[PDB]
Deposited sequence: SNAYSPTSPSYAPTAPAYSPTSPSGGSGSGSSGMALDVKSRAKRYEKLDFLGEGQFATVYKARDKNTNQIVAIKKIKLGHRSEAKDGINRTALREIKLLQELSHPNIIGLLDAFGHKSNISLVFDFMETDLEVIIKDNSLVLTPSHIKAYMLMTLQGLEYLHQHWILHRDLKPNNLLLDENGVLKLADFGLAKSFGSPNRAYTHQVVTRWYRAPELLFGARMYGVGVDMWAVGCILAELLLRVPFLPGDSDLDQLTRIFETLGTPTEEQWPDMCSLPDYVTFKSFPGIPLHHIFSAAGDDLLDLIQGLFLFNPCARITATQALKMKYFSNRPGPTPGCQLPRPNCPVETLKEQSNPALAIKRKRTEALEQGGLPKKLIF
């Protein structure tokens, strides 16, 4: 109740966001005020319950939660921009070091998140927020859900999710991390579908229609519809500037088998990140201006 409002930022499906100041310390924060008779919004409670149990530099930190009857505002750290604005700005050059740095921060945050058994399930450039010091953070945990006990925007949705996977693991984030990666390389949405059919159509026309060797039991997913055998453009033609190590990372993130699809840890262990050049420091990442 000690936060003063400074600027309005936007409205969504769930809430409206305002830049705010903590009066006690003059700190800049983001207050997400949730816009019947079911009580407090389940999305706000989900974000609270998940972000209270997490603490990592690459995960958005819940700082406070206050409100009145059935209405609540959530106080997060203020993030200057997101990866969508970075990608869509034609005045910014995304060098391989910048792409590597974004990849590294996303994968480290995701590795901590998956180690604590939580799937983000809404990974996309606008959910990857950046601050004035270049630290990427996973945000918008309104869709995040713990995993381990026996979804996503269409463009970045994994094929298993697009094919109806009720139970899934880290791959549903990893695939999104792949798509973001591709969107970083092309400065354009890699697989901009229209329906759940067109998204899979683009996926299979670009990467090739998966077969049983590349993805066993793919036909057991509930919404599984079999497409045509598209050869798939070779990865070095789509990403003509990608090196062999980067192509290996892309191939790992875009494996149709989610079990074979590289987890965050083994993605971090790929030679692409340890190869030259090293990821650029966060303070030297491009700022959308």
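Visitor: Comparing the deposited sequence against the modelled residues, what ranges come up empty for C-alpha?
Guide: The deposited sequence has unmodelled segments at 1-42, 78-83, 199-205, 345-379.
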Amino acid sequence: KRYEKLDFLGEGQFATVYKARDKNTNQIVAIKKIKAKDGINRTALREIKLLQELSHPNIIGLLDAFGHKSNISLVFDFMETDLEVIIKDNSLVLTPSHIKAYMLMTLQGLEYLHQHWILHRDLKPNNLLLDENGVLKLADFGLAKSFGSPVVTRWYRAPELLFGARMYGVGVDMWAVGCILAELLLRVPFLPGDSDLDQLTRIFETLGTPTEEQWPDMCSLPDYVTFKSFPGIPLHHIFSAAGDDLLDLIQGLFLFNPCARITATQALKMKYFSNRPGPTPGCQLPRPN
From here on, numbers count along this sequence of modelled residues.
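Visitor: Taking the other compared entries of this protein, do a third or more of them lack coordinates for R21?
Guide: No, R21 is modelled in every other compared entry.
Visitor: Counting only other entries that model residues on either side, is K35 absent from the coordinates in at least a third?
Guide: Comparison shows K35 dropped in at least a third of the other entries.
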